[PDB]
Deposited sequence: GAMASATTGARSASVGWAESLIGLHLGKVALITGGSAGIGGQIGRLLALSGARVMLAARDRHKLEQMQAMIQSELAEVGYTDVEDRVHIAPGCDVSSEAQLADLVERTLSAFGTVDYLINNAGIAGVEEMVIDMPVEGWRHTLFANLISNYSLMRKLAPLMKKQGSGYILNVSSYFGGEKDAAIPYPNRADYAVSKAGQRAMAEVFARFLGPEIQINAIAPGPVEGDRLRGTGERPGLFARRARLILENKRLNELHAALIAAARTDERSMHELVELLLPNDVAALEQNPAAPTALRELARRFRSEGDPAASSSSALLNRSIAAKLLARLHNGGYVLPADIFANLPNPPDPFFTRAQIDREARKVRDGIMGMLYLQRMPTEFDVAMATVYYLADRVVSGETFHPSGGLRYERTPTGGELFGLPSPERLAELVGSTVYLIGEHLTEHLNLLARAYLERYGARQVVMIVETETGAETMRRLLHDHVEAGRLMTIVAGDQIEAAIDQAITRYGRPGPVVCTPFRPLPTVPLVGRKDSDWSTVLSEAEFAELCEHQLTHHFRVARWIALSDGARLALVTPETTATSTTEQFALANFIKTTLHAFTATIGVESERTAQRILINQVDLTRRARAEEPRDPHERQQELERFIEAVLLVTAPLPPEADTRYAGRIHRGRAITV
């Protein structure tokens, strides 16, 4: 079977991250059988040595000599650490010289939580390990590839990273979905800069049979979260619903859960109907051996609940769940978790056209044959069948304005605008809301005092009339939104624009250059912070603000933007669609059920941009219409199952 591999990749040096197990282990193994010298990078030393030994043995059986020189290892390499990536490259270069193939395979599962329960640092950690690491390794190895006249960058993405012009929601996995989408987008936008010497593609496999999924594996962990998230979401919504029709504070309502007894809560006449009906449901649909049928929650679900309530603005002591009786193990039975795990597996098998999952060997084989193709760049290869998940087309240009009825509902509204560098857009938008649609007030949340002064001057008349308020956020956007809430009231429309413009630096260096001016690894992390994390932070906080309609706005491209700006802006556009689409679906699972959509100021081609002042004014009017379409209120009566998903997770191009 290995005879088709002999000489396929002979004379090539390949670097494989996550090379000690899974798909990466198989890629490294098959590249070695193909004639390549491979460097396998991962954290655990033993796992790497075991894999190195297995490959070296196979290579000897096949007929290779000096097998120790063909398979090297780089232990203690966590891809989320920049210093560890710099050490990887130095170790690889000293061992084999110039790297031909950079296989960006490592990809952590991530936080595995809904955005509202996702810590910001946990989201940053996923981006560092799965996305930023890919640029960092390319930045270090592409100068040597360009100098020798050839190279290959392969990013191992996923079916759940979506596609060109379509986003795929991945509920509970937004950080992961964004990182996968960014790996594909990197191949798409850097292709033109890296060519003709370097090829850059992505692989997007569908679900793969192996340790990651089988194990507690991804399926078993997803099963436990389904049951944990079900208990959390049901408690959260019922407490929010009770708060609307009850005189007691959230503190007093949460106190009713302290005996942590499902039966006692159901039988409590002093408890609101919403909480009593909830207790009825827990005992009625639960496993009697599971303590989750007799107890409302454990300290872990209690901590997730408290954090949601605190983020939502409810005043509760941090020690409210300190004396909470801990339920005896198991909270969820083996029977419950296994039933849920098999339902996850069956659902995936039913979606696959071939009704079978590939093995890691199957994916790696297809990838290794694909790597021999020298005439393709900027593409996403699908080595295995994808699912039947919802695809959200991104980039619709033909749209109108919402109905006059929806527009009339903006009269007396509270509008929040977030931004700084887009001064024209912010001034035009605040004026349309106050002058055309009779909004009561606009709260202009800027980054700096210089930004606050620029806006107060541009909007002087509305400032003096008390119609426009300014807040300086700095790097504390959540606390600034909390200041906006206490001081001016909860918002209706929320327009989130980036505080920073895109950088204007080269994306590749000249063949004989040191690449010293090229976008650094730190600058790429900064692009992600300002153009991705910025919106994630706002969306995470605004998702618990009842009645909000959030518009996530991407950077602006013009007829005079540099080619590098076009690349980075299109990289952002695509990566953010994954986030917008995922949180769009997650919103339906919460009691607030806010609207979240994306308005794109970025286009693919320079030719499509306005060229004269009339065309510029048309573009600026389209921006107002696009923002109004996603921020006008969708009446409760109209928010049906059908119309609800139409008004969430969409992206429109100005």
Checklist entry - Which bits of the deposited sequence have no atoms placed for their C-alpha? => result 1-16, 232-235
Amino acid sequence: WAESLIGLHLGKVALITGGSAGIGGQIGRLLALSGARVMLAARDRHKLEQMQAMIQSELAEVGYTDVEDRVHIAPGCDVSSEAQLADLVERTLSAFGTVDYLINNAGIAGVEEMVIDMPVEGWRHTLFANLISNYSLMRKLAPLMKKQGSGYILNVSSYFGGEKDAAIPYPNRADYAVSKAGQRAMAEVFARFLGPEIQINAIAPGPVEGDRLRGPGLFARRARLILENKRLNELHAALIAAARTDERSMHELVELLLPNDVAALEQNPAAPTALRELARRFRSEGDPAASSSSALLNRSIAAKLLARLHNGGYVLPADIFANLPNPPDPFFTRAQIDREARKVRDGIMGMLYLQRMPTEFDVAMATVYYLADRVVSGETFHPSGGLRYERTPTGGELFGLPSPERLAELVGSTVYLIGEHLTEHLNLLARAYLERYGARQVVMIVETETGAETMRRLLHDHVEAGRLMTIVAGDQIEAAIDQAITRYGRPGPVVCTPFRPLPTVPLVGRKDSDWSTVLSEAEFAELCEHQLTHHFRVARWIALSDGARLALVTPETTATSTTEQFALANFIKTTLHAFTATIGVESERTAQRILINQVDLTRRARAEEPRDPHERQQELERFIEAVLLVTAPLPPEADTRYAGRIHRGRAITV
From here on, numbers count along this sequence of modelled residues.
Item to check | Residue range whose averaged C-alpha B-factor is higher in the record, 332-340 or 172-180 | outcome: 332-340
Checklist entry - Got a sec? Mean C-alpha B-factor, which is higher, 23-31 or 46-54? => result 46-54
Checklist outcome for this item: One of 153, 484, 290, 376 has the largest Cα B-factor in the entry, namely 290
Checklist outcome for this item: One of 95, 198, 495, 106 has the largest Cα B-factor in the entry, namely 95
Checklist entry - Lowest, middle or highest third: where is residue 273 by C-alpha B factor in its chain? => result highest
Next on the checklist: Sorting by Cα B-factor within the chain, modelled residues only, which third would residue 317 end up in: lowest, middle or highest?
Outcome noted: highest
Item to check | Third of chain Cα B-factors occupied by residue 509 | outcome: middle
Checklist entry - residue 643: which third of its chain by C-alpha temperature factor? => result highest
Next on the checklist: Among the modelled residues of this chain, does the Cα B factor of residue 416 put it in the lowest, middle or highest third?
Outcome noted: middle
